[PDB]
Structures are given as C-alpha cells and as structure tokens.
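Novice: This is the structure, below, for whatever I ask next.
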Amino acid sequence: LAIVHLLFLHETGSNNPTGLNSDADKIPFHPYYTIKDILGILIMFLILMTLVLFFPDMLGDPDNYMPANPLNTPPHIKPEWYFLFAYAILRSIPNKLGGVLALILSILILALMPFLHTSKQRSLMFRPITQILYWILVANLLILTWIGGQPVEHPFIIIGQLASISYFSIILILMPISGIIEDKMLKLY
Amino acid sequence: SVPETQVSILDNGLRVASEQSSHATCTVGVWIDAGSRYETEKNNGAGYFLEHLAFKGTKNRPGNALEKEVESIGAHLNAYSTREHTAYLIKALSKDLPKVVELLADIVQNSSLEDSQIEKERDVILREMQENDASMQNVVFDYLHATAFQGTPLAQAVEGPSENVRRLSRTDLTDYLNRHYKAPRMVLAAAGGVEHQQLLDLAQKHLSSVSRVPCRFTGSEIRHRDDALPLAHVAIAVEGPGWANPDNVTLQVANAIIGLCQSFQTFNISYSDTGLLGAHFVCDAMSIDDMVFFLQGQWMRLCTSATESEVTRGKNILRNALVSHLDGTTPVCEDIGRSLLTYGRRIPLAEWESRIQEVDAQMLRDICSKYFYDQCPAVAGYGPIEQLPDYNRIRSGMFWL
Ligand code: HEM
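These protein sequence lines map, in sequence, to chains Ac and Aa.
Each residue of the first sequence is one higher than the one before, counting from 192 in the entry's author numbering.
With the entry's author numbering as the guide, the letters of the second sequence map in order to residues 44 to 256, 267 to 312, 337 to 478.
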C-alpha cells in the first residue's frame, strides 16, 4: 500500500509549504533531498536509541510485565499513548455504538477532509485565521490524548465531551467558514 | 624547410616581425597587448569603441579619404579585439607595402576621434549589442567567462555593458588610446611577399614615434532560462594552464580526441597564465542531460583509460590543423602577432612537431587528470535548460567512483 501511495503521488509530485505551483523551481533528489533524508534518518535513530538504550520503559506500561490473569484485571487500564485520542472520544459518547462510530469517524474525518477545502489557496502559509484554528485543533488533540489517560471521574469527563465536540466542529464547520472569510478579506469571494 | 620568422626591435620597443614567402600579396598587421582585461569597469567598452572609430579618419587623412586610399590599391582592412589582444591588419599586394605600413601608422597614432562619429558609432555599437543577444553561442561563452572569472577583469565582455557604451567620451577613449597603445607592447607583423629589411626601414620611418610608457577561476554556473528559444547552448569548462605552459599542446591532443548534441565543439581558450578548457554544445531540451553525461564520460575516460591509437589520432589531427604555414597570409601573420605578444617569440613548426611527437598516452592521461579530474567546472546555459543538471550532478560527473 505504501508502494501504491508513492505511485499515486509521483503522478502529481510533492507539495511545497507555500502551496504554490513549484514547477519553476525544482531540483534533483539525489544530492539535495537524499542527504537531507539521511540526516533525518540519523536524527530519528538518535531519538529512538536514546529512547531504548537510556529510557527503555518510558513509553510502555508496567502492568504488561505481569502475566495475563483472566481472573484479575489491571486496576488502571489504558490504551497506549497513540490510541488515546480515540479512546477519549469513545468514552465521551454515552452510547456504545455512538462511541464506536465517532471513534471511526475520528480517523475517517481525515478522508472526508479533501471535500471540505473551500479556499482558493492550497497551503496555510498565507492564512492566519485557519492557522489559529489548526493550532487549536492540535491543542485539543493533545487534550484528548491527556483525557484518555485520566480515569472516569469529574471533570475529566466533561473536558472529554467538549474536546470531542470542539474537535469535530473545528474540522467540520470552523475551517471552511474561516476559509470563506479569508477569501472575503483578500477581495476574492 | 619552412622559412624562419625573423624578429627585430626598434628603440620604441615595437618588435617588427616578418616572415617572407613567394606569395605576392601580404598581410601586414599591428597587434597590441590591450583588451578588456586591461579595462577597469569604468572604460569597459573603450577598446571596442576605439576599434570602431579607428577607420573613420585620422589627422593627416581626414574622414573617408583615408578609406578611399585603401580602396585605391584594392587592399582589405580588418580589425578585431579580444579580451587580451587588439589587431589592425591589412591584406594587400607586395608592391603596395610602404603606403600600407604608413596607413597602419596613422591607425595606431595620429588617429582622430570625431565627436560626430562618436555618437554615430555609439548608435552602431548600441544597436549591435541590442541585437548581439541574438547570437546564442556568444551569449553562452560570455556567461561562461562571467561565471568563471567573477570579480576579475576577465569576466567583463569585450563589448562592455550598454551602460558604458552610452557613457563614453573622447577623453576617456584618448586615455585608453594613450595608455594601452605603448610601443613596447606592440608588434608589427608581416607575412607573405615582404622583405624584412624593407619592412624594418618602413617601421623606422613611420611608427617610430609610438610612445614608450592575476585571475581566479571561480567554479560556478550561470543559467539564463528562456523557454521560447528552439535550441539550448551549454558550455562547460575548467581552468586552463595559460599561454606559456607547454602541456597546452598535450591538452590540444586531448581536444583532438574529442573533436549526441547537434553541435559539439571543444575549446582551449588561453590568456596570460589562465584560460578556459572545455566543451560547448547546442541541443534540444529533452537531450541536454544525456549529452552532459556523455561528455563527462569521455573526459573521464581520457583521464581514466586512454589507448595508444586514439592518441596517435589526436597527434596527427592536431598536426594537420596546427599546420598553418601557407594556410593563409592572414592566418600566418595573425600567428606572428600573437606569438610575439604572448610567447615573446615565434615558435617554429618544427618545435611544434617535436612537442607533438613527445606526447604519449601516459602523459596525456596524467595531464588530463591534472586538469579535468575532480575539478570544479564553470557552467553557462542559455535556452530551454531545465533538464540541464545542477551543480552537484555535474560536479559528481567530474569524477568516477
Ligand atoms: C506509514 C504510512 C505512510 C507512509 C510510509 C507514507 C509515506 C509517504 C511518502 C514517502 C511520501 C512522499 C513525500 C514525503 O514523504 O514527504 C508521502 C507523501 C504523502 N503522504 Fe504519506 N505515508 C503514510 C501515511 C500517510 C497518511 C496516513 C496520510 C494522510 C493523512 C498521508 C498523506 C500523504 C500526503 C498528502 C502526501 C503528499 C505530501 C507531499 O509530498 O507534499 N500519508 N507519504
């Protein structure tokens, strides 16, 4: 699937942070973005090893070092960090089914993302209001990651419920309206 | 059996050199060690504009009456300017040898620069430059000189920038004329049916009045992308040795080995202890990179593996081409003037043949590895040059793993 991912991209070429047509300024990849990928590989290897050789158990969980007991259940159970944002959403929706669906949408909302682009500019380099909305989205994604960790009790629950409401409202509603407003400010709309 | 070039010297320092031959017409010229390299960016078109003004009349022969004289004997009058040398030459008959020399004397001294003419020649020069851009290979070689000799007087063109052309005055010209036209930096060269003693007496009679008084190769690239042009011209060069370094001969043999793009020409341009050694090719956009790859392989090959036979080919090829004796009078003298200006002497063809036959394959690949292998080139492109590779790919093609 990653090979198919690379194919569906070379047909169009990569994007640039300005979001403009970069056909006038393109360079080879071997000497310019290869040594850059090698440097990024070296930095990523520095962070991994220093997260294995010095802090090996930082990201894990201690209760996984006990054998699986069906008769007992770990008192404090939590998904690993990466799966938490979803965990929060699931817990937030009262209905079980609702939670499952929202959870799925949490990931799927992204797929839905190319149909929500209502701006005449591709990138957010020249779009400050949608930049603010994007960083608020990153902020409450971090909040949902924290909540998942917190146990079920006040006021963690309410934050979870709001944070999920704010997440879906920023992705679904606030960004296209903001893009319309930004197009209106540049005398385009 | 080729006749020797005999050189004498006047008090002025004007070396009068001549090489007699049976041909009854002669090419008498004056070479001057003065070009765009001696200009200091405030008079960047002084030599070119003086080269335009030099045939428009003198003090003794005012205006077109002067050129009426060179029509009267049916002689031909030519002049050219490079980055280091300026030449004023006349092709005439043998029996018209005195007056021609006298004519050349006026052209170098006693010349008259008319203010009226200055405006007319400014419009000529300006317009030509305004249309000179048309000649691509000239644009590409000027770009190669600029990007290879950045910050030096060897980057600036012979014609100069339109700016200076417009902003030039008689006095400035007078200066360039009075500064870079010294007698010790001048050679009176004659080739063909001339006697050396008669030419020496004529130089003593006229022209005896002429007054007696580094560069850094920036390996880099200039690309003028203009996609509307049908063809692309690309020149790639490295630093040359200079005039006085004998391995030039060996490098010439290397060029004779090279001799995919519609047009592929190799050059060894030499200036005073510097130069540009490389290749210029003119191609369609969709071929450019392949050409470059091809070309770099050849060079690398010579530096890496070169046989004995091909060397022989180059030796022989160069020999015939180097052959210039009785090629033409104009060429013959041109060689006398350049030899007295650059080497200080006329190198005979027997010495050239000895330096050619001492070249073998081992010293050719040694000298080619000295000058081509792992060197930073200067690249100049003009036209649809998007597929022309950037500097890392060319620099990596300058060596083999
Ligand atoms: C681990 C799985 C994935 C791999 C290995 C992968 C790999 C790649 C690679 C190698 C590129 C080439 C450009 C670049 O790396 O910057 C790329 C481009 C891209 N990927 Fe992914 N990708 C993955 C998952 C995703 C996901 C989940 C998304 C959507 C959220 C995504 C969206 C994109 C987009 C939009 C581009 C084009 C960006 C650009 O080149 O301007 N990819 N991917």
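For each residue, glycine too, the CB sits at the ideal point set by N, CA and C.
1. Does the ligand HEM have a heavy atom nearer than 7 Å to the CB of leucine 211 of chain Ac?
2. Taking any heavy atom of the ligand HEM as the mark, which residues have a C-beta closer than 7 Å to it, listed down the chain?
3. Please confirm if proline 299 of chain Aa has its CB atom under 8 Å from at least one CB of chain Ac.
4. According to DSSP, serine 347 of chain Aa sits in a beta bridge with which residue or residues?
5. If you drop the 5 nearest sequence neighbours on each side, which residues of the same chain put their C-beta closer than 6 Å to that of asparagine 298 of chain Aa?
6. So the candidates are Aa:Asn308, Aa:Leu282, Aa:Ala232, Aa:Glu292; which of them puts its Cα closest to the Cα of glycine 352 of chain Aa?
7. Taking Cβ to Cβ, would you say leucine 426 of chain Aa is nearer than 8 Å to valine 45 of chain Aa?
8. How would you list, in chain order, the residues of chain Ac whose beta-carbon sits under 8 Å from the beta-carbon of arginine 470 of chain Aa?
9. In or out: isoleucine 52 of chain Aa buried (at least 16 other Cβ within 10 Å) or exposed?
10. Compute the distance between the beta-carbons of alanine 455 of chain Aa and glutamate 274 of chain Aa, then report whether it is under 8 Å.
11. Kindly list the residues whose CB is nearer than 6 Å to the CB of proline 270 of chain Ac, restricted to its own chain and excluding five residues on each side of it in sequence; keep chain order.
12. Leaving out five residues on either side along the sequence, give the residues of the same chain with a beta carbon under 7 Å from the beta carbon of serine 254 of chain Aa.
13. What's the call for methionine 229 of chain Aa, buried or exposed, on a 16-neighbour Cβ count within 10 Å?
14. Using a C-beta to C-beta distance shorter than 9 Å, which residues of chain Ac count as neighbours of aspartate 467 of chain Aa?
15. How far does the alpha helix (DSSP H) with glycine 235 of chain Aa in it extend, from its first residue to its last?
16. Kindly identify the DSSP beta-bridge partner or partners of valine 456 of chain Aa.
17. Per DSSP, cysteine 69 of chain Aa forms a beta bridge with which residues?
18. How is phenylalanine 274 of chain Ac classed by DSSP in three states: helix, strand or coil?
19. Pull up the distance between the alpha-carbon of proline 258 of chain Ac and that of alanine 330 of chain Ac, whole angstroms please.
20. Between which two residues does the alpha helix (DSSP H) carrying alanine 122 of chain Aa extend?
21. For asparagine 308 of chain Aa, count the other beta carbons within 10 Å of its own beta carbon; 16 or more makes it buried, fewer makes it exposed. Which is it?
22. Can the beta-carbon of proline 461 of chain Aa be found closer than 8 Å to that of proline 219 of chain Ac?
23. Using 8 Å as the cut-off, can you tell me whether the stretch 318–333 of chain Ac makes contact with the stretch 365–375 of chain Ac, which would need three or more C-beta pairs spanning the two stretches below that distance?
24. Going by the DSSP bridge assignment, what does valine 59 of chain Aa pair with across the sheet?
25. Grouping DSSP H, G and I as helix and E and B as strand, with all else coil, what is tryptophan 74 of chain Aa?
26. In the DSSP output, what is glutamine 342 of chain Aa paired with across the bridge?
27. Look at the alpha carbon of residue 318 of chain Aa and the alpha carbon of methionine 179 of chain Aa, and state the distance between them as a whole number of angstroms.
28. Between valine 59 of chain Aa and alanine 246 of chain Aa, is the Cβ-Cβ spacing less than 8 Å?
29. Is it right to say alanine 108 of chain Aa is buried, meaning 16 or more other beta carbons lie within 10 angstroms of its own, or is it exposed?
30. Who does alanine 362 of chain Aa pair with in a DSSP beta bridge?
31. Who are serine 154 of chain Aa's beta bridge partners in DSSP?
32. Within its chain, find whatever has a CB closer than 7 Å to the CB of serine 252 of chain Aa; leave out the 5 residues flanking it on each side and keep chain order.
33. State the beta-bridge partners of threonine 129 of chain Aa as determined by DSSP.
Specialist: On the basis of the supplied data:
1. Locating residue 211 of chain Ac in the first sequence gives position 20, where the first residue counts as 1. If you check the C-beta of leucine 211 of chain Ac against the ligand HEM, you find no heavy atom less than 7 Å away.
2. Checking every Cβ against the heavy atoms of the ligand HEM under 7 Å gives Ac:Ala193, Ac:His196, Ac:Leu197, Ac:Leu200, Ac:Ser205, Ac:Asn206, Ac:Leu301.
3. Taking the second sequence and counting its residues from 1, the one referred to as residue 299 of chain Aa is at position 246. No, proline 299 of chain Aa does not count as interfacial toward chain Ac.
4. To locate residue 347 of chain Aa, count along the second sequence from 1; it is residue 270. Answer is Aa:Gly352.
5. The count along the second sequence starts at 1 and reaches residue 298 of chain Aa at position 245. If we look at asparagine 298 of chain Aa and ignore the five residues flanking it on each side, it has no Cβ neighbours.
6. Locating residue 352 of chain Aa in the second sequence gives position 275, counting from the first residue. Taking only the C-alpha atoms, the option nearest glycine 352 of chain Aa is Aa:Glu292.
7. Within the second sequence, the letter at position 349 stands for residue 426 of chain Aa. Within the second sequence, the letter at position 2 stands for residue 45 of chain Aa. The answer is yes: Cβ separation under 8 Å.
8. Mapped onto the second sequence, residue 470 of chain Aa falls at position 393. By Cβ distance, chain Ac contributes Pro219, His221, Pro222.
9. Here the question's residue 52 of chain Aa lines up with position 9 in the second sequence. Counting Cβ neighbours within 10 Å, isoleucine 52 of chain Aa comes out exposed, since fewer than 16 surround it.
10. Here residue 455 of chain Aa is taken as the residue at index 378 of the second sequence, counted from 1. Here residue 274 of chain Aa is taken as the residue at index 221 of the second sequence, counted from 1. Yes, these two residues count as a Cβ contact at 8 Å.
11. Working through the first sequence from its first residue, we reach residue 270 of chain Ac at position 79. Hits under 6 Å: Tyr278.
12. Along the second sequence, one-based indexing puts residue 254 of chain Aa at 211. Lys225, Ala226, listed in sequence order.
13. Taking the first residue of the second sequence as position 1, residue 229 of chain Aa is located at position 186. With 16 or more other Cβ atoms within 10 Å, it is buried.
14. Mapped onto the second sequence, residue 467 of chain Aa falls at position 390. Going along chain Ac in sequence order, the residues near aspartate 467 of chain Aa (Cβ under 9 Å) are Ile218, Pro219, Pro222, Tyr223.
15. In the second sequence, the residue the question calls residue 235 of chain Aa occupies position 192. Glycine 235 of chain Aa -> not in any alpha helix (DSSP H); beta strand (DSSP E) instead, spanning 229–235.
16. Position 379 of the second sequence, counted from the start, is the residue given in the question as residue 456 of chain Aa. In DSSP, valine 456 of chain Aa forms a bridge with Aa:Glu274, Aa:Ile289.
17. Taking the second sequence and counting its residues from 1, one reaches residue 69 of chain Aa at position 26. Answer by DSSP bridge pairing, in chain order: Aa:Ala135, Aa:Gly235.
18. Here the question's residue 274 of chain Ac lines up with position 83 in the first sequence. Correct three-state label for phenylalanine 274 of chain Ac: helix.
19. For the purposes of this step, residue 258 of chain Ac is identified with residue 67 of the first sequence, where counting begins at 1. For the purposes of this step, residue 330 of chain Ac is identified with residue 139 of the first sequence, where counting begins at 1. Distance between the alpha carbons of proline 258 of chain Ac and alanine 330 of chain Ac is about 37 Å.
20. As a working note, residue 122 of chain Aa is residue 79 in the second sequence. Following the DSSP letters along the chain, one finds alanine 122 of chain Aa in no alpha helix (DSSP H) but inside the beta strand (DSSP E) bounded by residues 119–124.
21. As a working note, residue 308 of chain Aa is residue 255 in the second sequence. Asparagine 308 of chain Aa comes out buried.
22. Your numbering for residue 461 of chain Aa matches position 384 in the second sequence. Your numbering for residue 219 of chain Ac matches position 28 in the first sequence. In this structure, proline 461 of chain Aa lies away from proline 219 of chain Ac, with their beta-carbon atoms at least 8 Å apart.
23. yes
24. Residue mapping note: residue 59 of chain Aa aligns to position 16 of the second sequence, counting from 1. Paired residue(s): Aa:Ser51, Aa:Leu231.
25. Sequence index remark: in the second sequence, residue 74 of chain Aa carries index 31 (1-based). Strand at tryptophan 74 of chain Aa.
26. Within the second sequence, the letter at position 265 stands for residue 342 of chain Aa. According to DSSP, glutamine 342 of chain Aa bridges with Aa:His357.
27. Residue 318 of chain Aa falls within a stretch that is absent from the model, since chain Aa runs 312 to 337 with no residues between.
28. Within the second sequence, numbered from 1, the residue matching residue 59 of chain Aa stands at position 16. Within the second sequence, numbered from 1, the residue matching residue 246 of chain Aa stands at position 203. A contact, by the Cβ cut-off of 8 Å.
29. Position 65 of the second sequence, counted from the first residue, corresponds to residue 108 of chain Aa. So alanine 108 of chain Aa counts as exposed.
30. As a position in the second sequence, residue 362 of chain Aa is number 285, starting the count at 1. In DSSP, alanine 362 of chain Aa forms no bridge with anything.
31. In the second sequence, residue 154 of chain Aa corresponds to position 111, counting from 1. According to DSSP, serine 154 of chain Aa bridges with Aa:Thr101.
32. By 1-based counting over the second sequence, the position of residue 252 of chain Aa is 209. Result list for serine 252 of chain Aa: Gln152, in chain order.
33. Within the second sequence, the letter at position 86 stands for residue 129 of chain Aa. Bridge partners of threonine 129 of chain Aa: Aa:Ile75, Aa:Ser124.
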